[PDB]
Amino acid sequence: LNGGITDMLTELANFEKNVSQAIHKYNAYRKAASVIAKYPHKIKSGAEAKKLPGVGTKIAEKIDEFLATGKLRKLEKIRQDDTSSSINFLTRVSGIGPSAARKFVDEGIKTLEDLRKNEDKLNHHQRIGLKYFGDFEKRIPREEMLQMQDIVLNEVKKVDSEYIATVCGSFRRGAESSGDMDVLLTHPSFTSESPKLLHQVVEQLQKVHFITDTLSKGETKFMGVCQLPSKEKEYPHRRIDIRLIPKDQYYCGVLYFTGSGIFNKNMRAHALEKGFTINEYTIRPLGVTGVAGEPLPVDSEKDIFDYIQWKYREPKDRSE
DNA sequence: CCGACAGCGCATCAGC
DNA sequence: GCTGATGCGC
DNA sequence: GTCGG
Ligand SMILES: Nc1nc(C[C@H]2C[C@H](O)[C@@H](COP(=O)(O)OP(=O)(O)OP(=O)(O)O)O2)c(NC=O)c(=O)[nH]1
Ligand SMILES: [Ca+2]
Ligand SMILES: [Ca+2]
Ligand SMILES: [Ca+2]
Ligand code: NA
Ligand code: NA
Ligand code: NA
Ligand code: NA
Ligand code: NA
């Protein structure tokens, strides 16, 4: 295994994102951690690791130091830095990003209690993130996701039989647990060339006391909180997103939001090699000089695989 | 050597 | 009142 | 921090 290395790299990633405000270093560290986590041998040297794409000179050196000492001095200094620790912690609140965390810590607001004492300094999203701080960090067992899917699919049908709703994310690929629930919604009345379609669904889910809180809500995206009904101890509150997509872009959306991200990458690269470009909304043909044509008609995920002459992959086999 | 690294919907705010 | 920038999360 | 033009 290599859990020591990947943990180190993930801790560095979070430092770069939250304290340094260096999103590309965060992603570099994450990329390195992901390739190493997938590698099938306990790494013995930085040089060994550097053969992996995304591992370069600096991470190789850190791996050598970790392997020889069991720690990383850089990290030890970071862990001991009270300001970096406080900023890092605060960003665990949903809605508190690196900018708000630093600002809070600058004026002595460092702990959950400080936030609770200063709730007037929080915006709506941040107040909800604080409210469900522990709940949002729990994962969702598939059994509960299954029960949540039932409620969402049933309530959407009650509003209008011609809504189509798909629960995507790792759950759709068959994951044993999920971090949140991602619902993609469409309706034949809503296309690229074409009121309250999302609102009526959100409202119905509120009226049945499934949706408990709203982080943000517009005409095409809802971000909020939900909870399964209990008999017993109550269930944790869960993040749920519902995205309203035009029907002619729906299956491209289902494809994208199902992932995995690695899978999307490889599928887009294969599409190109066949003269097509796929993004979150459309698949378009590429001309001989590389000009994208008009979007192609898509009535199913399968249609997309067909265009690029790929055998349809079950969502279950889309980890890569 | 050095620019790219994903980018968009919603909430919020500074500026007009 | 509005627009455009930006933080934020995904 | 890493990669590739
Ligand atoms: N995680 C993530 N997702 C998206 C949207 C797309 C791309 C990703 O391949 C697909 C699945 O993302 P998701 O957040 O569901 O991660 P998931 O794969 O579900 O893991 P889990 O945490 O176990 O539920 O949604 C992002 N971009 C835009 O939504 C993003 O920044 N982060
Ligand atoms: Ca998700
Ligand atoms: Ca996720
Ligand atoms: Ca709870
Ligand atoms: Na946060
Ligand atoms: Na029907
Ligand atoms: Na989450
Ligand atoms: Na080729
Ligand atoms: Na380039």
Side-chain angles (χ1 to χ4, degrees), chain A residues 5 8-36 46 49-63 72 74-75 87 90-104 120-130 132-133 136-137 167-171 178-185 197-199 202 213-225 238-246 249 252-253 256-262 264 267-269 277-279 281-282:
Chain A
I5 290 174
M8 162 185 78
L9 297 177
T10 294
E11 185 168 357
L12 288 169
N14 288 331
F15 172 72
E16 294 300 353
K17 177 177 45 80
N18 297 330
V19 183
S20 303
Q21 300 191 35
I23 196 60
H24 307 295
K25 291 196 174 180
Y26 162 78
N27 285 324
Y29 276 122
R30 282 213 300 171
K31 178 180 184 192
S34 292
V35 69
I36 287 175
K50 199 173 170 310
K51 310 202 218 304
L52 305 181
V55 178
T57 299
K58 297 296 287 293
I59 290 172
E61 289 171 3
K62 287 172 170 69
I63 286 171
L72 200 71
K74 183 183 174 93
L75 242 28
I87 295 175
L90 287 185
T91 63
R92 291 164 59 181
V93 178
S94 184
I96 303 189
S99 179
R102 180 166 299 275
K103 169 155 170 33
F104 283 132
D120 73 311
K121 301 200 170 188
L122 278 38
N123 63 28
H124 181 65
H125 184 141
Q126 292 163 347
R127 288 178 194 174
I128 303 304
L130 173 63
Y132 299 114
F133 181 82
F136 287 175
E137 288 189 341
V167 175
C168 298
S170 66
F171 164 84
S178 300
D180 59 26
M181 170 159 277
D182 310 306
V183 183
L184 269 55
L185 185 71
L197 273 178
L198 178 55
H199 178 78
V202 170
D213 301 86
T214 296
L215 295 176
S216 59
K217 173 174 126 59
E219 292 184 12
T220 57
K221 186 171 77 172
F222 168 87
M223 305 177 64
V225 184
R238 314 295 199 180
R239 283 276 294 104
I240 180 169
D241 294 350
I242 307 167
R243 314 171 157 273
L244 178 77
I245 303 172
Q249 311 188 326
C252 279
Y256 172 70
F257 286 99
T258 293
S260 67
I262 291 183
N264 288 337
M267 191 168 170
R268 297 184 176 183
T277 181
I278 298 176
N279 62 24
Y281 314 100
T282 61

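Letters A, B, ... are given to chains in the order of the sequence lines, protein chains preceding strands, and every chain is numbered from 1.
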**Q** For A/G218 versus A/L198, what's the shortest heavy-atom pair and its separation?
**A** O-CD2, 3.4 Å
**Q** Just how far, in rounded Å, is P of B/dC10 from CD1 of A/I128?
**A**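 The answer, rounded to whole Å, is 18 Å.
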**Q** Could you tell me whether A/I23 contacts a base, only the sugar-phosphate backbone, or nothing, with contacts defined as non-hydrogen atoms closer than 4.0 Å?
**A** nothing
**Q** How long is the span from the CG atom in A/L215 to the CD1 atom in A/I240, to the nearest 0.5 Å?
**A** 11.5 Å
**Q** Looking for any heavy atom pair under 4.0 Å, which part of the strands does A/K58 touch: base, sugar-phosphate only, or nothing?
**A** sugar-phosphate
**Q** Can you tell which of D/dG1, C/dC10, C/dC8 lies closest to the side chain of A/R239?
**A**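 Ranking D/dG1, C/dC10, C/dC8 by closest atom to the A/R239 side chain puts C/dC10 first.
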**Q** Could you tell me whether A/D182 contacts a base, only the sugar-phosphate backbone, or nothing, with contacts defined as non-hydrogen atoms closer than 4.0 Å?
**A** nothing
**Q** At under 4.0 Å between heavy atoms, what does A/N123 touch on the DNA or RNA strands: base, sugar-phosphate, or nothing?
**A**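 Touches sugar-phosphate only.
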**Q** In Å, rounded to the nearest 0.5 Å, how long is the span from NZ of A/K74 to CE of A/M8?
**A**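 Atom-to-atom, A/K74:NZ and A/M8:CE are 11.5 Å apart.
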**Q** Please tabulate the protein-to-nucleotide N/O contacts below 3.5 Å involving nucleotides 2-7 of chain B, giving atom names and distances.
**A**
unit_1 : atom_1 : unit_2 : atom_2 : d
B/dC5  : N1     : A/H24  : ND1    : 3.4

**Q** Which whole-number value in Å describes the distance from A/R127 CZ to B/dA11 P?
**A**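 Rounding to the nearest Å, CZ of A/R127 and P of B/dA11 are 15 Å apart.
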**Q** Please report the sugar pucker of D/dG1 as north or south based on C1'-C2'-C3'-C4'.
**A** south
**Q** Dot-bracket, 5' to 3', for DNA chain D please: Watson-Crick or G-U pairs under 3.5 Å, [ ] where pairs cross earlier ones, | where the partner sits on another strand, dots elsewhere.
**A** |||||
**Q** Looking only at non-hydrogen atoms, find the nearest pair between A/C252 and A/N279 and report the distance.
**A**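 Of all heavy-atom pairs spanning A/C252 and A/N279, the closest is CB-O, 4.2 Å.
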**Q** Rounded to whole angstrom units, what separation is found between the CZ atom of A/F136 and the P atom of C/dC8?
**A** 17 Å
**Q** Within the 4.0 Å heavy-atom criterion, would you say A/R30 contacts the bases, only the backbone, or no part of the nucleic acid?
**A**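 A/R30: no heavy atom of the nucleic acid under 4.0 Å.
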**Q** Provide, to the nearest angstrom, the distance between the CG atom belonging to A/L184 and the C1' atom belonging to B/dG9.
**A** 14 Å
**Q** What's the spacing between A/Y256 OH and A/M267 CE if we round to 0.5 Å?
**A** 14.0 Å
**Q** Pick base, sugar-phosphate or nothing for A/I59, based on heavy-atom distances below 4.0 Å to the nucleic acid.
**A**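 Sugar-phosphate, no base atom in range.
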**Q** What about A/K221, does its side chain sit under 3.5 Å from the base of B/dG9 through a donor-acceptor pair?
**A**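 Answer yes: a donor N or O sits under 3.5 Å from an acceptor.
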**Q** Mind calculating the distance between CD1 (A/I96) and P (B/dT12) to the nearest angstrom?
**A** 14 Å
**Q** Looking only at side-chain atoms of A/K62, point me to the closest of D/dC3, C/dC8, D/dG1.
**A**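 Nearest to the side chain of A/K62 among the choices is D/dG1.
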**Q** For A/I245 and C/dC10, give me the distance from atom CD1 to atom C1', rounded to whole Å.
**A**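 Rounded to the whole Å, the gap is 13 Å.
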**Q** Quick one: pull up CD1 in A/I59 and CD1 in A/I36 and give me the separation to the nearest 0.5 Å.
**A** 6.5 Å
**Q** Base, sugar-phosphate, or nothing for A/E16, non-hydrogen atoms under 4.0 angstrom?
**A** nothing
**Q** Mind checking the P distance from B/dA6 to D/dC3? Whole angstroms is fine.
**A** 15 Å
**Q** Counting just side-chain N and O atoms, does A/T220 come under 4.0 Å of either OP1 or OP2 of B/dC10?
**A**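 For A/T220, the contact criterion (side-chain N or O under 4.0 Å from OP1 or OP2 of B/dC10) is met.
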**Q** For the adjacent pair B/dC5/B/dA6, please state whether the pyrimidine-type six-membered rings satisfy a centroid distance under 5.5 angstrom and an interplanar angle under 30 degrees.
**A**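 Stacking does not hold for this pair.
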**Q** Look up atom CG in A/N123 and atom CD1 in A/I96, then write down how far apart they are to the nearest 0.5 Å.
**A**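 Interatomic distance, A/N123 CG to A/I96 CD1, rounded to 0.5 Å: 8.5 Å.
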**Q** Nearest-Å distance, CD (A/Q21) to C1' (C/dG9)?
**A** 15 Å
**Q** If you compare all heavy atoms of A/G224 against all heavy atoms of A/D241, which two are closest, and at what distance to 0.1 Å?
**A** N-OD1, 4.5 Å
**Q** Can you give me the closest heavy-atom contact between A/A100 and A/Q126, atom names plus distance?
**A** CB-NE2, 3.8 Å
**Q** Which atom pair, heavy atoms only, marks the closest approach of A/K31 to A/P53?
**A** CE-O, 4.4 Å
**Q** So how far is it from A/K121 NZ to A/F104 CZ, rounded to the nearest 0.5 Å?
**A** 8.0 Å
**Q** Given atom NZ of A/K50 and atom P of D/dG1, what is their separation to the nearest angstrom?
**A** 14 Å
**Q** Base, sugar-phosphate or nothing for A/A100? Non-hydrogen atoms, less than 4.0 Å.
**A** sugar-phosphate
